[PDB]
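Below you'll find only one chain, the form deposited in one PDB entry, shown as structure tokens.
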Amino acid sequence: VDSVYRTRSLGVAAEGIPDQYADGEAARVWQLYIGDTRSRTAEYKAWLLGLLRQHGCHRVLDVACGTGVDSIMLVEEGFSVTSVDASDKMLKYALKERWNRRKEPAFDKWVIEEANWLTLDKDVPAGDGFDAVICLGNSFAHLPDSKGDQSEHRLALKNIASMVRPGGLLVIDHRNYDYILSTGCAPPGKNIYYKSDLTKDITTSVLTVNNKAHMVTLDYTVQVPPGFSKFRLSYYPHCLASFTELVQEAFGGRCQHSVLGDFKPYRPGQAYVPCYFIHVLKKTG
């Protein structure tokens, strides 16, 4: 009596017709957001290249490839890059760029494949390991805690760590959600990796479940040719002391750990409130 009937199952597609909600207004502005990646900051490039070079890294795994934009810098600079992502919609962009650039030998050797943190050990044979694994741009916080005990967080971080060769590097970040939770507000424009060209106004919604922070949901209203349209994304608010604990546990404690606040050294109680924390772990070996 109350049942509803779909024309096609959730998740299925067909020749000649766009995929489900592919062409909606939220999707359209979201696409402008993920493309707002044209200006890589000098300090980002200089910091990452410096840290990879300082450790002699050659073989790099990017486990949050997205559109490829972090991985493309490394390809251009002569690293042997493998890049993976669980999201096909985002990988589509990385693959397209690689295809356009395929006559450049460095791009012909760029590996791009579907993989999920939760199955990474299977989806990507480690061999002996990578020299560096990177997970930057606050991508780790895209994974929610839908079971309630952060067991998925721990599995994902363990699998990401298992990709690092002994003596190798993991570099993994999060936005400063300690500040977001204390103020209730996640302001726009602060991406330290790519300088934003897109003008965005953000509403921040924080869900607390029995007094424990559970989700941060950001509603973006983006001015476009004029025009004025909205999309929504959500994030797990990782706080610094928990993530410090988690990321070291993923290695069995067999790691040296340090934390940066926006590319610079971080020490508690410093005047400067970083936008992002960047954890750097050298696995024992």
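Just count from 1 along the sequence shown to find any residue number. Note that the rigid core is defined as the largest set of C-alphas that superpose within 1.5 Å between two forms.
The next section is about a form of this same protein that is not shown, the form deposited in another entry.
Looking at CA displacements between this form and the one not shown with the core superposed, a shift of 2 Å or more is confined, among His214, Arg101, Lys190, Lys89, to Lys190. In a rigid-core overlay of the protein, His58 has its C-alpha displaced by under 2 Å between this form and the one not shown. Taking 2 Å as the criterion, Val29 counts as shifted between this form and the one not shown: its C-alpha moves by at least this amount when the rigid core is aligned. Fitting the two forms on the rigid core leaves the C-alpha of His257 displaced by under 2 angstroms between this form and the one not shown. Compared with the form shown here, the Cα atoms of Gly35 and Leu95 sit 3 Å or more farther apart in the other form.
The gap between the Cα atoms of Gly66 and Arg28 is smaller in the other form, by no less than 3 Å, than in this form.
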